[PDB]
Structures are given as C-alpha cells and as structure tokens.
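Chains as they are written, first to last, in the entry's author numbering: chain c, 485 to 533; chain k, 437 to 484.
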C-alpha cells in the first residue's frame, strides 16, 4: 500500500510483506535442516575413513 | 439532396463505450487477491 507518497510511507509495506514471507521461509528451512541431520547420521557409519 | 445534411445522413460505426464500473471491479478483485496472498508482484501495471 501507498505505492509512493513518502520514503517512509513505502517502507512499511515492504516491511510487512517481508515479515509475512519470513514464516514460510522458516518452515522450509526447518525441513531442510531435518534432511541435513538425517544425511549426517547416514554418513556417520555407511562411509569409510 | 436537400433536407439531409451529411452529419446525420451518413454514419460510421465505432466501438461502443466501456462503462466506468468494469475497471473498478477488476481493480477491486486484483487488490483483494494481492492482500490475501501477501505478494504485490509489482503488477497490475508496468512491472516496473
């Protein structure tokens, strides 16, 4: 909202949009972390020194 | 012939006039969709 009337009045809109995106980003990040932990566990023993 | 001036005797059809409500309705729907999703997409106009 407010696609250009004041430098500050446009900062809020992008701020809110990014803040909303952040939750989805965090969920996907958690999924990736879980995959990585499983991969580490498998590397622990299936792989040779 | 007299009694029939060309400005009324001849007529060249053109496109009709779009009423001022369709524009408003499209704008309303697009704004609602943008609010729902949360991504402005820099759209409904020039991508810039």
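Idealized CB from N, CA, C, for every residue including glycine.
A direct Cα-Cα distance of roughly 25 Å separates residue 447(k) from residue 456(k).
Across the region 499 to 529 of chain c, CB contacts with chain k closer than 9 Å involve 500, 501, 504, 505, in sequence order along the chain. Using beta-carbon distances, residue 497(c) counts as an interface residue toward chain k, with a partner under 9 Å. Going by DSSP, residue 462(k) is part of the alpha helix (DSSP H) stretching over 456 to 473. For residue 474(k), the closest Cβ of chain c is nearer than 9 Å. A direct Cα-to-Cα measurement between residue 524(c) and residue 481(k) gives close to 48 Å. Annotation: the continuous alpha helix (DSSP H) that includes residue 523(c) extends over 491 to 530.
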